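Now for the letters of each chain:
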Amino acid sequence: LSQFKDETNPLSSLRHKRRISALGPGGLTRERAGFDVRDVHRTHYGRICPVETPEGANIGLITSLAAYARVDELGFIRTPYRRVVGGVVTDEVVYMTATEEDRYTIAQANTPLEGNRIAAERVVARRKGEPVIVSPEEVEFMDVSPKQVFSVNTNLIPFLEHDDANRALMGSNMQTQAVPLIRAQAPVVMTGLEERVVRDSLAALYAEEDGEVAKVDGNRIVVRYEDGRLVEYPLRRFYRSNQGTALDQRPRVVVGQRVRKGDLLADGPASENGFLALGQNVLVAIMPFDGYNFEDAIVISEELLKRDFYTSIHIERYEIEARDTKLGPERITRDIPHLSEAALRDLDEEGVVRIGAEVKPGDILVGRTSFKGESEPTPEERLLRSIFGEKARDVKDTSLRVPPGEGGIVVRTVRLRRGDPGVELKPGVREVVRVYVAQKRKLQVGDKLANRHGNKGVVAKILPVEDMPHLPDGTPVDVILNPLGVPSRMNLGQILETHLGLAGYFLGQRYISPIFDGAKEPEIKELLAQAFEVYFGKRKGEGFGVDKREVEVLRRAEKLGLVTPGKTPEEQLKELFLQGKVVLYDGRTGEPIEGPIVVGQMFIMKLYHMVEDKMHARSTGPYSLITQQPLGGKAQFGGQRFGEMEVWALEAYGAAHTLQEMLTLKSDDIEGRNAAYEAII
Amino acid sequence: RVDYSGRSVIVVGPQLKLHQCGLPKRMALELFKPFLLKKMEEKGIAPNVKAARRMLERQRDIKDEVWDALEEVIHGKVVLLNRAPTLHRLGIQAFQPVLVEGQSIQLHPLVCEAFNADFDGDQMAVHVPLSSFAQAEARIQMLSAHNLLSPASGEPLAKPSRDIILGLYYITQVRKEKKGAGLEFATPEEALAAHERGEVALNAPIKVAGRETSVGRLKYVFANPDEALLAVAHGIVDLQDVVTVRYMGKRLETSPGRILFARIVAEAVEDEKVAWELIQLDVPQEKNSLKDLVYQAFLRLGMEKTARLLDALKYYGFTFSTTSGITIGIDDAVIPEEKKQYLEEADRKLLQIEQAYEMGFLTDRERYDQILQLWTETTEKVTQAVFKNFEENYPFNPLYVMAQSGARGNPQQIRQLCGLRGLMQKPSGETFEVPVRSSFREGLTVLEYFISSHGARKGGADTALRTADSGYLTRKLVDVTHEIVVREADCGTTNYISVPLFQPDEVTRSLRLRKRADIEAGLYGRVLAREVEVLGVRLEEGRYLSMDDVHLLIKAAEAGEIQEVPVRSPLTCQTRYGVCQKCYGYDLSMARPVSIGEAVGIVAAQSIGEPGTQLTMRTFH
Amino acid sequence: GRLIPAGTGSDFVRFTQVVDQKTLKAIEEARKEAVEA
Amino acid sequence: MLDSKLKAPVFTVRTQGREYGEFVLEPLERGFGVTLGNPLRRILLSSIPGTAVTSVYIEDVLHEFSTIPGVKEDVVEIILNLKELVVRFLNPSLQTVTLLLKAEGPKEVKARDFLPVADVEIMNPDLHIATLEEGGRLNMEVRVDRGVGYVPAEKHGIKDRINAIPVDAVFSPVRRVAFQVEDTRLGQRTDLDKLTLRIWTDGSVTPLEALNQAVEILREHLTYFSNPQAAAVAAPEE
Amino acid sequence: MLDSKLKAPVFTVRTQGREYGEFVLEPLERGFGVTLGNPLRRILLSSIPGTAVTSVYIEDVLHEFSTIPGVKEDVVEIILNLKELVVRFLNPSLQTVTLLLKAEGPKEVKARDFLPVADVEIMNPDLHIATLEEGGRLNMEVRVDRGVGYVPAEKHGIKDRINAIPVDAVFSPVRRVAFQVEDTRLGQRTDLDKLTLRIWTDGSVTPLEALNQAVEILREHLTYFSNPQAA
Amino acid sequence: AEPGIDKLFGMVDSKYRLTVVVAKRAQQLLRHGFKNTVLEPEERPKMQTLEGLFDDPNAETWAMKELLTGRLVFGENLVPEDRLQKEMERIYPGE
Ligand SMILES: Nc1nc2c(ncn2[C@@H]2O[C@H](COP(=O)(O)OP(=O)(O)O)[C@@H](OP(=O)(O)OP(=O)(O)O)[C@H]2O)c(=O)[nH]1
Ligand SMILES: [Mg+2]
Ligand SMILES: [Mg+2]
Ligand SMILES: [Mg+2]
Ligand SMILES: [Zn+2]
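**Q** Looking at this structure, how should I read the overall build of chain C?
**A** The number of helices and strands found in chain C is zero helices and one strand. Structurally, chain C occupies a C-alpha span of about 55 × 20 × 15 Å along its principal axes. Counting only residues that meet the buried cut, chain C has 38% of its 37 residues in that class. Split by element, the accessible area of chain C, about 2,600 Å² in all, is 53% carbon and sulfur. Within chain C, the 6 negative side-chain charges are centred at a point lying 8 Å from the centre of the 6 positive side-chain charges.

**Q** What's the story with the coordination of the magnesium ion (ligand 4) in this structure? I'm lost.
**A** Angles at a metal have ideal values that depend on geometry: 109.5 degrees with four tetrahedral donors, 90 or 180 degrees with six octahedral donors. Within the protein, the magnesium ion (ligand 4) binds to B:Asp120 (OD) and B:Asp122 (OD); these donor distances fall in the range 2.3 to 2.6 Å. On the basis of relative accessible area, B:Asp120 is assigned to the buried category, the value being 11%.

**Q** Any chance you could explain the interface of chain B and chain A here in plain terms?
**A** Put simply, an interface is often sized by how much accessible area is lost when its parts join up. If you look at the interface, chain B gives 130 residues, while chain A gives 134 residues. Both faces combined, the contact of chain B with chain A buries some 11,800 Å², and carbon together with sulfur accounts for 59% of it. Its largest share of buried area at the contact with chain A, chain B owes to B:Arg1, B:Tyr449 and B:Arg457, together 8% of the area lost on that side. For the interface between chain B and chain A, the tally reads 15 salt bridges. With a shortest N-O distance of 3.9 Å, B:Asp241 and A:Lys559 are connected by a salt bridge. By residue number, the principal contributor to the side of chain B that touches chain A is strand β1 (residues 5-12) of chain B, which donates eight residues.

**Q** Teacher, can you tell me more about the coordination of the magnesium ion (ligand 2) here?
**A** Those protein atoms acting as donors to the magnesium ion (ligand 2) are A:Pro403 (O) and A:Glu406 (O), and they sit at 2.6 Å. For A:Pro403, a relative accessible area of 17% translates into the label buried.

**Q** I would appreciate a short explanation of the environment of A:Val546 in the present structure.
**A** Looking at the element boundaries, A:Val546 is found in the loop between α8 (521-536) and α9 (548-560). Spatially, the C-alpha atoms of A:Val546 and A:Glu570 are 7.5 Å apart, while their sequence positions differ by 24 residues. Among all residues touching A:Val546, those that are not within four sequence positions of it are A:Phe536, A:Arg539 and E:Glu182.

**Q** I tried to follow the arrangement of the chains on my own but got confused; where do I start?
**A** Of all 11 pairs of chains that touch, the greatest number of contacts is found between chains A and B. These two, chain C and chain E, are apart from each other, with no contact and a minimum C-alpha gap of 35 Å. Without any contact between them, chain E and chain F keep their closest C-alpha atoms 14 Å apart.

**Q** What is the right way to look at the sheet that holds strand β20 (residues 264-267) of chain A in this model?
**A** Strands in a sheet are paired, the pairing made by backbone hydrogen bonds, and the direction either parallel or antiparallel. One open sheet accounts for three strands, arranged β13-β20-β19 (chain A); its pairing is antiparallel. The open sheet has two edge strands with one neighbour each: β13 (205-206) and β19 (250-251) of chain A.

**Q** Before we go on, may I ask you to explain the sheet that holds strand β16 (residues 230-234) of chain A in this structure?
**A** All names here are of chain A. What the three strands build is an open sheet, ordered β14-β15-β16; its pairing is antiparallel. The open sheet terminates on both sides in strands that have one partner only, identified here as β14 (211-216) and β16. Averaged over all pairs of adjacent strands, the angle between strand axes in this sheet comes to 25°, irrespective of strand direction.

**Q** What am I meant to see in unusual backbone geometry here?
**A** Negative phi values dominate among residues other than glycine, just as trans dominates among peptide bonds. All names here are of chain B. Cis peptide bonds are those with omega within 30 degrees of zero, and the linkage from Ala84 to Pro85 qualifies with -5°. Looking at the element boundaries, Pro85 is found in the loop between β3 (80-82) and β4 (96-100). Here the residue pair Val215 and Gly216 is connected by a cis peptide bond, since its omega of 15° sits within 30 degrees of zero. With respect to the helices and strands, the residue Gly216 is situated in the loop between α8 (190-196) and β7 (221-222). Phi is positive for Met248, close to 50°, though the residue is something other than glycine.

**Q** Can you help me understand a nonpolar patch on the surface in this one?
**A** Residues and elements named next belong to chain A. Together, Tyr68, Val93 and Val144 make up an exposed nonpolar region whose accessible area comes to about 230 Å². Mapped onto the fold, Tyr68 is located in the loop between β2 (62-64) and β3 (70-71). Residue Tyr68 is classed as partly exposed on the basis of its relative accessible area of 33%.

**Q** Sorry, what's going on with the state of the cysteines here?
**A** A disulfide bridge is the covalent bond that connects two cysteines by way of their sulfur atoms. Residues and elements named next belong to chain B. Summed over all chains, the structure comprises one disulfide over all chains. The disulfide partner of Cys491 is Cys580, and the gap between their sulfur atoms is 2.0 Å. Taken together, the residues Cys491 in the loop between α20 (471-479) and β10 (497-500) and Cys580 in the loop between β16 (564-568) and α23 (600-609) connect sequence positions 89 residues apart. Each member of the pair, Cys491 as well as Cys580, carries the same accessibility label: buried. Here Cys112 is not disulfide-linked; the sulfur of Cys21 is the nearest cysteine sulfur, at 12 Å.

Quick notes on the rules
- Residues numbered from 1 in each chain as written, not as in the entry; some residues may be left out.
- Chains lettered and ligands numbered in written order.
- Part of a larger assembly, values for the part shown.
- Heavy atoms only, no water.
- Helix = DSSP H or I, 4+ residues; strand = E, 2+ residues; numbered from the N terminus.
- Buried < 20%, exposed > 50% of the residue type's maximum accessible area, 1.4 Å probe, protein only.
- Areas by Shrake-Rupley, 256 points an atom, 1.4 Å probe, with all protein chains shown as cover.
- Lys, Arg positive; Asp, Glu negative; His and termini not counted.
- Charge placed at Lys NZ, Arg CZ, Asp CG, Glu CD.
- Donors = N, O, S within 2.8 Å, 3.2 Å for Na, K, Ca; no water.
- Contact = heavy atoms within 4.5 Å.
- Buried area = accessible area lost by both parts, 1.4 Å probe.
- Salt bridge = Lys/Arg side-chain N within 4 Å of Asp/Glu carboxyl O.
- Pairing = 2+ DSSP bridges.
- Axes fitted to C-alpha atoms, helices over the stretch in contact; angles between N-to-C directions.
- Patch = residues over 30% accessible without salt bridge, like charges linked within 9 Å, V, L, I, M, F, W, Y side chains within 5 Å.
- Disulfide = S-S within 2.5 Å.

Rendered as structure tokens:
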């Protein structure tokens, strides 16, 4: 029941404290009780998120507590209801249990009201689970918020109502894998819980009373509060999380700036002025692009990288031991015995590598020499080392090296000998060196990308901007999202997001839609109406009419039955823009895309890297003592499990030799693997 | 665990050809290391191997002269690739490295459908076959451009899929134009006149005293094929408009894109004769119409010339799809006017039912069971109108197309979007008597949303209940089929079985022809036990049932000349501990008879447990 | 760990041999070495 | 070093007859493959010196939908036998010309039955327009022209005779053009392009010429960025 | 009266500051709007060369992930500013320059604070680099290099001193490129392109210069069409 | 695909023989240098590297090219055991 703290980002760190498992001391998995238990129950309303849970095996077993949910003095989960009497709704709000709840006819949160008063004929209400259209007189309690039905990770997805639950589960889930961008943006369309999460998470640093700011630097802030207190707040700086992702503050206040209590002093690692800042807002065209987005694959405007948009700073921690041995103590010496000295440069530091150095794979973090071989020199090497000058030192190159596939640049080393300051030593271990390697990780073919409505795909091609589809004002698009990843999904919120975006873009605004309240289809077209001015209602004041290609499109558009035949080539477009689609020009030819394409702003997060799903490759290396099957080192990655299922794969194929060599030559054939190697060499 | 292996994330590789993959050179140089060290010794890159290996144990010490030696090793060779879960033969497929930069493996998008991998970060593992025999095996019998058809069906399994269809459909498809109606007068230019003052559309349906024609067919008469596209070039017309063109002496009434396609195929097969007599130049192309095109081009033209066709078709689908410019803005969710009118009625009949229960005439379950049936018929009525709409008013609506073209999404999916999600079951099983009335375009109720999460749960606790282990069936089927190999050619036994062509399901014993597919299933590529003489043709004892023949005998059974077929099975085989090649029949992945030595039983097992993850878990009706 | 009893490991094919038009003269290498005197 | 300027691109051309050509150009700076592809292509499809029939005089027809007595091809069929017919000149002066054809009986008609009037040298030797069988007779005065592109009849005015009809103008003597850009490598540079262009022409102009002169029409066009005049920009308004 | 060929048209400018210029061309025949107006846009967006910070050395900092006492900005953010700084090399043959910036005590450090060098014009001397507080001190050096395209940190050593930071270098001085293609009439013929290349830039290069250059490139490219060779 | 994959299928009665033939053939073809090659100077496989066409090191790819000319012959029985393990060494240097 205890585990590593999820802290990929602040939100993930908060979801984890709000977790519920049935496993541990209570019956677990081997007995399953599937379909029961794992099923979302009629009593979960506002007690558990019906749409948050792990995918696959552990479904419905692990689960997350609904936003407004509360645990009473006994331990029973309570959701709040406001009592209503005689169709006159009171604010007097009660936290009923599961059982208390079954004693009443509570009504849904969106009953049309008239101040205190219900203005509805038929009122749509739960009666101990069963929904029934009823009369006001019969009501007794009412739902506080549409929100109270869902966890917090769920409550952060605008247009949830338009999003199918499956694909919105994925959203709730992937926000856990948001990894602080160094240009962390809060989203363009928000739900409301953005500020309130960042505070309750302790993502940002707030002011605990009214006062004037004394000092501000990257390091710390001193503030003088109205009572006379001058308290220093360190700005916890470039700190390492469990998962690597850098937690640390960044101040948003200047010197002698008078300030109110609870005002923002330092942003989170993922807060953009107290606002939960998990990803980045981007101009997305949705449409197929030459297969480059073939099955959930996604394409990327080079321009995203120059803006350091999806860059991310990652601290990686290495250790090295200095153990006592039966063959004599091993050392952490700068003097590794080999053939180079020009390849010891950044090292020098009496073992350790100098704080500041670049490291690629193979480079040495901490040099180490260990006694190995059992005293004597090899029957062959005894003849050998003599010729060179047989000191043949009984020490080996067990130096801590840069694991293959990138390291980065050093930020901090820690050299702990004997633990005499008050650090608990390890038995039979002399000393330990730590190193920390940081790296800014930009976006790259392979990097994965997600949105809160459950869109997840991998960056399959980073085109140059010379190629990207562009708007008439030359503004090219940032990301190209194939649309086939959408009917089947049934996550329309991603479109209700791309539209509103297209507005706020030109409207120079951002919005707050709330979970089941929020923007409706009329207001958005109406927002697009004002946005059509900014965009086009000033295209002619610069002296430019309409393009010879907009003529070409509008034809094909009105035939599609998109725009009115008869209306003016100008206001045909305005219609077409209120639909969300504009007119893109294929950045290559300069010709237009037949038919309109819906561009617009959408908010996207760079999903986080696990080292299991790091890029791996073995040619050959270590081998388990006992079974003598291939094994992992640190510089060496073991082989792939070749399970029964894959074995059949080739049998089926009549791949005779191939199978056998997977079953001998490349696993357990002690003799032949050596025999093989040589032959190949 | 295996000693020449590796793994990475997969990014799609459109530019790739059918028999190759994008591989990190970074990866290869581990994998191929020892092979590389030699070439380094063969070249001046190293004095010796220890120095050559030394040259590499630090990334930055690796001289770039080296990479020109990796490409050199690789040339000729192939890697393998497999993907969890390996649920059949094709979870492993051989290709030729194309060394690419970066940390991921680009992968052709046709083998996608086989491997069952998409790109929300599915990873693949790569192995190297070592022995000059293994690579031999790998290239001749695992290369992704020789395994075109499927071991389970016979049907091709590398087909136009997504974007590839969406592309092809849209440029073959011809258009319908409404503002023109049905008009009947003198042709001369009197026809063109109405179009000059625009009262008639252009590809409007029109019939003057003469024939049935567009406008359309008249105004634009093309001499040769390339004179047509030369017009669309100058944007005087599209490949969607209907038009008259002359070819090989014929005078045809199609579109230009029909030809464009009828050409795309022509060229990539190097055989204009056998090319044009395979194209259905009479309908838009889609999932099936190509799936067939392929199959034909696979018996008619070699497996090798079939590989080209697939990339050519893949290349165009893409290109064309891009510029074709579909998308999906909220406005493409085109709700029909009928949804009210129906929910009006349904709402008012629910009155009647409630009055008849309030009265005493129906019992509880009698009431319950009534209401639900209503909605069943209703949820259909909506789903129906939604489509007539998309056929009569928006026959090019993105959703509508992807739907129809087999590029994406089914009836029930489009419904939940436009129509109405409908009946939701409870968690205990019993259906809610109240359905989700909204759609996804309308946005569900805070409580319509809850309702629909119980079966939303179940629809997960049924696949995850087979994710942890449903290699379960195949385990079992392999445990009892592995030994069966095709040992003898002819295992020489008079006896057989007779596949029926008629079903007794109008019941009881009310006869009827079994769906085509059903037959194809039991007859395709079997070997004839006794000379069948049907439809003025003797299909001679010991024939190999060509698919053309599975179609002929059906024609013959529709014709009324035959009801059973004497076919030779494994069910009555007499190979000592195995199955003879004639008692099996075709290969199925190739359209030949099965070659001896084939792991037929293993194929059997897989093929039957491949699709186990898509059999509805427990009884839900 | 034995070779599989199928495919290229089926007693049917396995023993297939290959030789070239010139080493086809290995039949006449043993062809003209018999009768003496 | 990292590195420097660009390698001079080997413009490979393998020729095959007088209608088809393959033009390989490599290596190109990433993206230039297309940057050359398009503008060259459309120019090859809208500019090259063309000659087209635009109005056809008919002997025995007042309305162009009959089948002329004693001839088993339509009015509509015969006009399309003209659209496949290549004409070339040797004179700079010619801006429009009219030709004549005469025949009836059990012989065999070609393209040579047009009179070699002026410098007009009619290219295609053996062509087929129609076949006669009996006492039905015909004699025409078909109008030819010089221009560029593709022109519909319903998009041009001024007709030949009252015994003639407006037709569609097949000027551009280039029939079909293909080009696929493809990633090519230069030892240490996988990013680079490689342009392959494929041109089909009616045999009037050599594809290589059509190319040469296309590339020139561009070169020539790019000079019109010369004689600049200044103007005020726009208004702040806010 | 040769009835097959055309007459030369009206190239015209309309410059604003140093970073905007429209470029019209009536009349151009049907099509040629895109035909011509496009390729340039690529060339223009892609291949016009500029200048951009390539290496930073700050007095006591050892690498990007470090914070300087009395300085709000951290080095990662200080740099992110310099990414914006735009410079002019007045003498074509100048290939690089290292700007110097000392600063102690309370003040907002702008791009003006950079120690002047001859023939090198800081184009946005007001760009905010860093704000330092009481007791704060930031002494720095900053490398600049004429270049093309986009060369990112990882793809160069640069190593002036051995505590330098090599920064991602966005070279093109061309910040955006539209091109309208509307219609104009010449009496008779009423379908003619009005090409209007609109190039905003950065300050280091003139919309006009940038345009002159791109055109010259395409030309210098059209060069490799002559001189055959069969394979 | 691979060269004349269909035609090379026809040469054998079964899929696998051609795999056994090819590999075994290649074995000898890249045992004795490429000295045994029943495939002429001008019809040998080649690469493009360093700007220089040099013969393809891919034994497996040669044997296929070879058999495609019919110059080889194959069967279940052609010669005895170690009785071939000397013939090809003498006609084509076994060093
Ligand atoms: N043969 C086979 N099919 C599989 C396999 N896994 C999934 N499918 C099929 O692919 C289609 C959609 O798969 P998903 O990937 O789950 O769809 P999604 O994109 O909406 O998540 C389904 O039918 P569909 O929508 O009718 O397919 P389609 O018409 O979209 O091709 C499903 O039956 C498999 O291992 N083998
Ligand atoms: Mg590493
Ligand atoms: Mg899928
Ligand atoms: Mg997946
Ligand atoms: Zn049998």
